[PDB]
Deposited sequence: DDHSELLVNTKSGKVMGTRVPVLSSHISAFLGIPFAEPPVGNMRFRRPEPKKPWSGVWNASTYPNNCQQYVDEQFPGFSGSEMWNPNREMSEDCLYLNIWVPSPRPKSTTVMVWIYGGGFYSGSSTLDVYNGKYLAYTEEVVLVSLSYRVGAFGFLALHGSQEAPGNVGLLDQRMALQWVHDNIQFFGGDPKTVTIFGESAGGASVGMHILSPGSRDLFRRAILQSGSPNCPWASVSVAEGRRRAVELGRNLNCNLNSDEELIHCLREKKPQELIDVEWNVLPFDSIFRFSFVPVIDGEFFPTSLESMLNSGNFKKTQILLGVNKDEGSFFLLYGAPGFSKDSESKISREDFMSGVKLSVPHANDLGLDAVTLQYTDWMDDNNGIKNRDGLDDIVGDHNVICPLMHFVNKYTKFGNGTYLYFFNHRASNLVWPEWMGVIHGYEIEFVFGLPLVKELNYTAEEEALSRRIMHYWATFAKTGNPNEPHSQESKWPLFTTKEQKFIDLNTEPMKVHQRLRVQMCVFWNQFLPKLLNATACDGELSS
């Protein structure tokens, strides 16, 4: 039977799912690690023990324990990111969509969800892999990993909570895909890992980590890169946050062993209730438990690894969205609200920059403000709002990715860069937020192909070409069918294309002006002062 597959871990039985008036097979909720519960909370994952019998993989698995957004109860723009299954620490499962009839050896794509390292689920409607698997004939896998304290609490030097275990969950799932995907018809020699925001940073982290490199062939990074300022902390800051979490829960803080044992007796929700209390600054776009530069998963600093070429050399395809910062200003900066145009006063602009670059002294804050203020028209509300949107997006997503791409390209085997700037016709968020962080995903997963979702015909065509670029790149290392050509991004030319409903345009040096400020000048400034 097409729905029965035997893997090195045991037999698995899938389910047939309808897709665009056709059908494909789905194997949902395949376990790839032992549940990380009880004394295993905070520990590195252990491989799933093989099972006899047939594992029922007909339904989505639980989602990992996480902070649930309740800012706009029932609003679809925000609930589309919230867990849609029950949450459980028993959440280490993967999902596979397989074309029908089963391929023999085809292109594999493995999705790594984002969520700021503190949230996320592989089961969201926006990550439904049936459209992509069906339309491009690829075996599509979505993995899962622990987020928040459960995946990233770090007490470096302790083997009970070493940090980075969420990244190790991802690696374990990639090892399982490497060892078993051939049974589902996937070609393990051709696995492309792809992810957005924290998922895109994770993808770049596996490109860097010696221990992950061999598990995949090629990589796609959407609005995220490993060097993002919010994506990792030092072992001292990780330790400090872990100690502060224990302090919020009245834990004995005398030793790592005491702290961890106390943290392990708390119910999941007790940790999540105080998670946000451990941030060191009043800030925006900063999350509590994230990857740690440990000297193990990451042998040295990310910058020295990038500079010395200490990373997997292969082809990468990556890019950013036009207004990466809006989501974060809406949720925490003064002056922004969901139901108004959010024109920002000069004062709220200034308090917004302070929240945006929490690690900056006053000279640094003045430098940012001068860089983004039109002084011939400093009280312009739209300009202050949009300028702050650019500050947040440039500092947190765009310039870190441009720095990653110029460093990578020096040693890599091929880079394709995009700038996604299409505002979906059916977006439920306000106009002022523009092309929001995360809103290219629905195009990558082919949602515009389903009529009931209300996209335009040009949006369906945009989705079809993005999926075909993504799969052709996964298959060959080049998004172009051997029609308008997406040129290679090179060190000298730095070309990239716009991704939207208009005829392809090629440009060069994506936001160079602002990124020289964020990547070269500001750090020199903060370091000197």
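- Unmodelled regions of the deposited chain sequence (numbering from residue 1, in sequence order): 1-3, 486-488, 536-543.
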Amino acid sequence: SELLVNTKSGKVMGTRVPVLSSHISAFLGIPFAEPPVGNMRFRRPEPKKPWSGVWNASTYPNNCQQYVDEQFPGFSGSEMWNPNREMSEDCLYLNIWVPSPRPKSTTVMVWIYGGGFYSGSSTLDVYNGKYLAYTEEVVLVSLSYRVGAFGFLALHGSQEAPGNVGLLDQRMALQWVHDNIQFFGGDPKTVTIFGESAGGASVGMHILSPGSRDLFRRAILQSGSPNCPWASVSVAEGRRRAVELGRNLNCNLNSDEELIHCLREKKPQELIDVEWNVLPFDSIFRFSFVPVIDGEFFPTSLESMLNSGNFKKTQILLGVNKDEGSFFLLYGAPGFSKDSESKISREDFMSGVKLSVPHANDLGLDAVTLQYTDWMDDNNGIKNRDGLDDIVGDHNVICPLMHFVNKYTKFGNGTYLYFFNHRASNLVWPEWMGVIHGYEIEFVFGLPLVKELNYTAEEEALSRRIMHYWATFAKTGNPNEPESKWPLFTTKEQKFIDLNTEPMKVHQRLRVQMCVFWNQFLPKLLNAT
From here on, numbers count along this sequence of modelled residues.
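Take the two forms, find the largest set of C-alpha atoms that superpose within 1.5 Å, and that set is the rigid core.
- Between stretches 285-293 and 440-448, greater average Cα displacement in 8 other deposited structures of this protein relative to the shown form, fitted by the core, falls on 285-293.
- Compared with other deposited structures of the same protein, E483 meets the criterion of being unmodelled in at least one third of those that resolve residues on both sides.
- Higher mean CA B-factor, judged across 73-81 and 194-202 from the recorded values: 73-81.
- Comparing the deposited coordinates for 451-459 and 233-241, the stretch with the larger average C-alpha B-factor is 451-459.
- When the C-alpha B-factors of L167, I96, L259, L318 are ranked from the entry, the top spot goes to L259.
- Ranking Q222, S121, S142, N252 by Cα temperature factor from the entry places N252 first.
- The PDB entry assigns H403 a C-alpha temperature factor belonging to the lowest third of its chain's modelled residues.
- When the modelled residues of the chain are ordered by C-alpha B-factor, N128 sits in the middle third.
- For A471, the recorded CA temperature factor ranks within the lowest third of the chain's modelled residues.
- When the modelled residues of the chain are ordered by C-alpha B-factor, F445 sits in the middle third.
- The deposited CA B-factor of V428 belongs to the middle third of values across its chain.
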